[PDB]
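Sequence lines, in order, name chains R, A, E and F.
Per our numbering, the first sequence runs over residues 6 to 38.
Per our numbering, the second sequence runs over residues 6 to 38.
Per our numbering, the third sequence runs over residues 661 to 692.
Per our numbering, the fourth sequence runs over residues 145 to 179.
Yeah, the Cβ is synthetic: ideal placement off N, Cα and C, and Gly gets one too.
Structure first, commentary second.
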Amino acid sequence: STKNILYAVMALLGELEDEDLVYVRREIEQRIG
Amino acid sequence: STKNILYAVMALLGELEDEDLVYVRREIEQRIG
Amino acid sequence: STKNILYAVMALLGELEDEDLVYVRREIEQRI
Amino acid sequence: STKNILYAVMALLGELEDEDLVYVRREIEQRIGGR
Ligand SMILES: [Ca+2]
């Protein structure tokens, strides 16, 4: 379920530090700009 | 370190569709601009 | 919080096949 | 991939204390108890 996985990802994002979000953002940008 | 959480998030992005990544991006922008 | 991580884990268990849940169960058993 | 998610979950178990793993174990019993 993409809805279920997205919910889990959202919960986990809040446990990441600002520096970690750089890498998440980069992965997103490589997929959808 | 946050490396376990970052690993899990990065792994799970591969289970999400392109349209789902937009929501992750919004949550990142909410925090770091 | 650690609680937020726990709830993410619980949600992800619903994505796993029975055989992968056995693997998780075994790791938990060896820890506790 | 189910194995992809499995290894994500395994990494996250390292962020949990033994006390928290009890709830994970109980959830697993709801899903594959007796199997
Ligand atoms: Ca938000």
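- request: Less than 8 Å between the CB atoms is what I'm expecting for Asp25 of chain A and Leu11 of chain R, so what's the real figure, rounded?
  value: Correct: roughly 5 Å between the Cβ atoms.
query: Where do the N-terminal and C-terminal ends of the alpha helix (DSSP H) with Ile692 of chain E fall, by residue?
result: In this chain, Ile692 of chain E is not harboured by any alpha helix (DSSP H), its DSSP state being neither H nor E.
- prompt: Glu34 of chain A: beta carbon under 7 Å from a heavy atom of ligand 1?
  reply: No, ligand 1 has no heavy atom inside 7 Å of this Cβ.
field: DSSP state of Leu18 of chain A mapped onto helix, strand, coil
entry: Reduced to three states, the DSSP call for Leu18 of chain A is helix.
task: Please determine, among A:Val29, A:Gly38, A:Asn9, the residue with the shortest C-alpha to C-alpha distance to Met154 of chain F.
output: With distances taken between Cα atoms, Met154 of chain F lies closest to A:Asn9.
query: Closest Cβ-Cβ distance between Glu22 of chain A and chain F: below 8 Å?
result: False, the Cβ-Cβ gap to chain F never drops below 8 Å.
8 Å Cβ cutoff, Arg685 of chain E in contact with chain F: Cβ-Cβ to chain F under 8 Å: yes for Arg685 of chain E.
field: Pick from R:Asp23, R:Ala13, R:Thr7 that is closest to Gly38 of chain A, judged by C-alpha positions
entry: Comparing Cα-Cα distances from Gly38 of chain A to each of R:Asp23, R:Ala13, R:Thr7, the minimum goes to R:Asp23.
field: Neighbour-count burial assignment, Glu20 of chain R, 16 or more Cβ in a 10 Å radius
entry: Its Cβ being crowded by 16 or more others within 10 Å, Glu20 of chain R is buried.
query: Any Cβ of chain E within less than 8 Å of the Cβ of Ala152 of chain F?
result: True, the Cβ-Cβ gap to chain E drops below 8 Å.
- prompt: So which residues of chain A does residue 215 of chain F contact, with C-beta pairs closer than 8 Å?
  reply: Limits of chain F in this structure are 145 at one end and 179 at the other, which puts residue 215 of chain F out of reach.
message: Which of the three DSSP states is assigned to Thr7 of chain A in this structure?
response: Coil.
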